[PDB]
2 protein chains.
Amino acid sequence: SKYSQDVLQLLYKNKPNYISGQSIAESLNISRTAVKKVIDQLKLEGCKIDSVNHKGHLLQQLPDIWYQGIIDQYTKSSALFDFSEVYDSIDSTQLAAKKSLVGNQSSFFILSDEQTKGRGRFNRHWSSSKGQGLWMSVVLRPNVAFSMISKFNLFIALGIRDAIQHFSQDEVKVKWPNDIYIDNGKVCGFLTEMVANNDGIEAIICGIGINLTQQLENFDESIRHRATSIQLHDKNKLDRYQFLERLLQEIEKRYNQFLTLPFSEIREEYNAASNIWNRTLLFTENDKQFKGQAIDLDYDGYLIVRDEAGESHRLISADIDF
Amino acid sequence: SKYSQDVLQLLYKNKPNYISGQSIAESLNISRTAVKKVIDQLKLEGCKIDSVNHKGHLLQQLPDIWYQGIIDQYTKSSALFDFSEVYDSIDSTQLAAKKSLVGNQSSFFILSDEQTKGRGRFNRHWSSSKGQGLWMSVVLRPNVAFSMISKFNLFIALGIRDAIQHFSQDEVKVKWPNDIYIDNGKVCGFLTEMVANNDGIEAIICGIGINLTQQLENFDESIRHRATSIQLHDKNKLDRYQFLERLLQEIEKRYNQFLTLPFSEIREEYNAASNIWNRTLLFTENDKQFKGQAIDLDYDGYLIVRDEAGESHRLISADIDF
Ligand SMILES: O=C(O)CCCC[C@@H]1SC[C@@H]2NC(=O)N[C@@H]21
Ligand SMILES: O=C(O)CCCC[C@@H]1SC[C@@H]2NC(=O)N[C@@H]21
């Protein structure tokens with residue numbers, strides 16, 4: 001329905017109070033009975049809405065599905081992002097982003113409940129299942145030299161880890177340069193790309209997938225042991241909207257650090273969070289493949305690694321498996 | 001008309017011979033009189049087509065306007081580019097490119113007779129006048145590390161200079177890192193951008209403007225002395241299609257060098273072509289502005305410059321004025 005979102009927006013915008021059939025009806029300027037219709041549908045979609053006669057309606061709990069209207073109430077109150085785009089299903093949130101950012105300077109982000117052609121590093125396939133995870137791309141506009149990309153990744157990583165962690169009862173670590181783990185479960189992968197040119201950056205596009213509500217029964221055969229959702233590590237139900245809120249809060253925070261700090265200022269912190277140490281690693285380099293021990297992250301965000309032949313490298317990136 | 005292009009294509013594809021009303025009519029499968037209609041229109045648009053009874057039609061000369069159909073006969077015969085997009089008018093060939101390259105790996109390019117929101121380095125305004133210049137963006141897919149961008153620029157520059165030069169009676173020089181001059185006239189500016197990410201490059205987008213057919217009367221007040229079109233330096237009329245052909249030929253050539261050479265291998269050549277030496281230069285650096293002498297291009301494509309206080313810098317880029 002045309003007003004379903006406007007109605008939702010009034011409900012959320014109005015917690016923790018009830019609002020009347022009539023109140024709302026006046027605001028959108030439509031019959032009160034048109035409102036009953038909207039609400040019964042919303043309920044029927046799985047919204048917890050308390051309706052008491054004489055008092056009105058209280059939005060209690062939202063479904064594992066994304067609503068533009070309520071997300072708008074996020075971008076409004078935000079002083080990082082201009083706007084956002086919300087989708088039920090879509091080729092890729094990244095694709096969409098890389099399109100939507102041309103010929104403008106907006107900072108914004110994009111959510112989908114499901115991706116059909118969702119991809120990870122190296123045009124890998126990324127499973128984006130309906131209503132199970134956060135599948136989001138994030139466009140930012142930091143005016144810095146293109147080389148600075150790699151630094152961004154490092155900062156965001158902690159941002160992402162932190163948000164996830166606030167909801168996990170188990171240890172959320174980072175697996176440089178792009179993976180967030182909980183114990184042995186990839187809870188999240190994330191991809192930092194950019195459009196840029198010698199004279200600096202046109203935009204940063206951070207694609208983030210975070211597994212939210214999966215049960216091991218949900219993961220393909222090819223991965224079932226090294227994947228874990230936030231829910232397998234939270235005692236209570238994980239509210240996809242509650243989480244989103246903290247995650248932006250954190251993505252933001254971390255971004256300004258990115259913009260006003262060197263790497264060193266978070267370096268140690270980042271170290272204490274990595275789970276790549278003292279264990280053997282399987283690096284892969286188009287054609288080439290080999291092993292090695294991760295020995296340190298230098299001031300500059302490079303991984304220093306003693307390979308299996310005692311030979312010492314400095315990598316800005318890498319493709320690592322355990 | 002629906003078949004105007006298909007008809008053009010047959011004409012071009014058939015030089016230096018005539019083809020009949022009937023011949024063509026059979027090929028597209030439409031009445032011969034539908035053909036007369038097409039041709040008279042084409043003529044009326046300014047095509048030189050020789051029609052002799054009993055013999056048929058010979059395409060002699062094309063207008064200062066771009067035809068998809070004939071451009072297709074270029075991408076077909078090309079083993080660099082997959083396809084191309086041709087427009088009468090458009091926001092930007094670059095914008096268009098940055099859109100069209102998402103979610104695919106095509107190598108292709110885009111022409112417009114006129115840009116409305118045509119832009120140069122630094123979101124500068126770029127005058128793209130109807131039927132007067134080559135306004136083209138070029139998407140390539142060289143799998144290399146993102147750092148390699150700057151090297152591409154260097155190679156292309158010579159490519160561009162060469163093509164232009166084959167038609168100039170005057171000295172076509174380069175003004176690192178992005179401008180092609182003839183004497184004191186900017187004949188062409190060109191912008192190299194990319195979409196990429198730590199693990200290498202998603203695409204290279206080279207935006208190229210080249211002034212073709214302008215008379216000093218055509219240039220705004222704000223620039224009339226330091227701008228020149230290829231035509232002011234060619235004795236004969238400059239055939240925008242003849243030129244395009246050489247230019248791709250050259251853009252290609254130069255690109256493979258880019259992919260199979262170091263910079264040094266063309267370094268000296270590039271030097272002999274620059275016009276930045278032994279003259280004072282006005283560098284500009286957001287807020288800062290200062291002077292200096294260009295003293296050398298190092299093996300790595302960096303400009304070495306003695307500034308006005310004897311202080312020595314290595315720039316990968318710069319913003320320079322005379
Ligand atoms: O490869 C990885 O390790 C992580 C990939 C990141 C996936 C995110 S989900 C949001 C998004 N949209 C995409 O098309 N890919 C991603
Ligand atoms: O700023 C310069 O010195 C040169 C700019 C390059 C202009 C090319 S024309 C093709 C194209 N499309 C654009 O939007 N800009 C350019």
# chains A, B, ... in the order shown; residues from 1 in each chain; ligands from 1
>>> residues_around(residues="range 29-35 of chain B", least_positions_apart="3", cutoff="10 Å", atoms="only C-alpha atoms", output="count of residues only")
15
>>> residues_near_ligand(ligand="ligand 1", cutoff="8 Å", atoms="only C-alpha atoms and all ligand atoms", output="MDAnalysis selection string")
chainID A and resid 91:95 115 117:122 124:126 128 134:137 178:179 188:191 207:210
>>> interface_residues(of="chain A", to="chain B", cutoff="8 Å", atoms="only C-alpha atoms", output="list in words")
residues 95, 98, 99, 102, 103, 122, 147, 149, 150, 192, 193, 194, 195, 196, 197, 198, 199, 316 and 317 of chain A
>>> select_by_dssp(residues="range 96-184 of chain B", states="helix (DSSP H, G or I)", output="ChimeraX atom specification")
/B:96-100,121-123,146-165
>>> residues_around(residues="residue 171 in chain A", least_positions_apart="6", cutoff="8 Å", atoms="only C-alpha atoms", output="PyMOL selection string")
chain A and resi 165+182-183
>>> atom_distance(atom1="CA of residue 74 in chain B", atom2="CA of residue 158 in chain B")
22.0 Å
>>> closest_residue(among="B:186, B:237, B:225, B:166", to="ligand 2", atoms="only C-alpha atoms and all ligand atoms")
B:186
>>> closest_residue(among="A:105, A:84, A:112, A:51", to="residue 65 in chain A", atoms="only C-alpha atoms")
A:112
>>> decode(residues="range 144-167 of chain A", atoms="N, CA and C atoms", output="compact mmCIF listing (two decimals), in the first residue's frame")
# COMPACT_ATOMS: atom_id res chain seq x y z
N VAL A 144 40.94 12.45 0.25
CA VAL A 144 42.26 12.02 0.63
C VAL A 144 42.84 11.47 -0.68
N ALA A 145 44.13 11.11 -0.70
CA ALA A 145 44.81 10.53 -1.88
C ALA A 145 44.36 9.09 -2.10
N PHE A 146 44.35 8.59 -3.33
CA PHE A 146 43.81 7.23 -3.53
C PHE A 146 44.54 6.17 -2.70
N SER A 147 45.84 6.32 -2.52
CA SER A 147 46.61 5.37 -1.73
C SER A 147 46.05 5.03 -0.36
N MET A 148 45.24 5.92 0.15
CA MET A 148 44.73 5.79 1.50
C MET A 148 43.66 4.73 1.70
N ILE A 149 43.16 4.17 0.60
CA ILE A 149 42.17 3.08 0.63
C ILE A 149 42.43 2.05 1.75
N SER A 150 43.63 1.49 1.76
CA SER A 150 43.99 0.35 2.59
C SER A 150 43.82 0.73 4.07
N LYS A 151 44.18 1.96 4.41
CA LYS A 151 44.03 2.48 5.76
C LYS A 151 42.55 2.44 6.15
N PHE A 152 41.67 2.80 5.23
CA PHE A 152 40.24 2.83 5.55
C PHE A 152 39.79 1.46 6.05
N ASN A 153 40.11 0.45 5.26
CA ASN A 153 39.81 -0.93 5.55
C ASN A 153 40.12 -1.37 6.97
N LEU A 154 41.31 -1.01 7.40
CA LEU A 154 41.79 -1.29 8.73
C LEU A 154 40.90 -0.70 9.81
N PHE A 155 40.53 0.57 9.64
CA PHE A 155 39.67 1.26 10.62
C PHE A 155 38.26 0.69 10.70
N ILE A 156 37.62 0.62 9.54
CA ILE A 156 36.30 0.03 9.41
C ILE A 156 36.21 -1.35 10.05
N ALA A 157 37.23 -2.16 9.80
CA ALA A 157 37.27 -3.52 10.28
C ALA A 157 36.95 -3.51 11.76
N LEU A 158 37.66 -2.70 12.53
CA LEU A 158 37.40 -2.63 13.97
C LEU A 158 35.99 -2.15 14.28
N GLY A 159 35.53 -1.19 13.46
CA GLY A 159 34.20 -0.63 13.57
C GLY A 159 33.28 -1.80 13.52
N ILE A 160 33.38 -2.57 12.44
CA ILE A 160 32.48 -3.69 12.18
C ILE A 160 32.58 -4.70 13.29
N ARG A 161 33.79 -5.10 13.63
CA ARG A 161 33.98 -6.04 14.73
C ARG A 161 33.24 -5.62 16.02
N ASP A 162 33.37 -4.34 16.38
CA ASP A 162 32.80 -3.79 17.61
C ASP A 162 31.29 -3.89 17.70
N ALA A 163 30.66 -3.53 16.60
CA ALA A 163 29.22 -3.53 16.49
C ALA A 163 28.77 -4.95 16.68
N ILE A 164 29.27 -5.86 15.85
CA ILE A 164 28.97 -7.29 15.98
C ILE A 164 29.16 -7.70 17.43
N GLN A 165 30.34 -7.41 17.99
CA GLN A 165 30.71 -7.87 19.35
C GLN A 165 29.75 -7.50 20.48
N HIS A 166 29.16 -6.31 20.38
CA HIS A 166 28.24 -5.81 21.41
C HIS A 166 27.05 -6.78 21.61
N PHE A 167 26.86 -7.69 20.67
CA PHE A 167 25.78 -8.69 20.61
C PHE A 167 26.26 -10.15 20.72
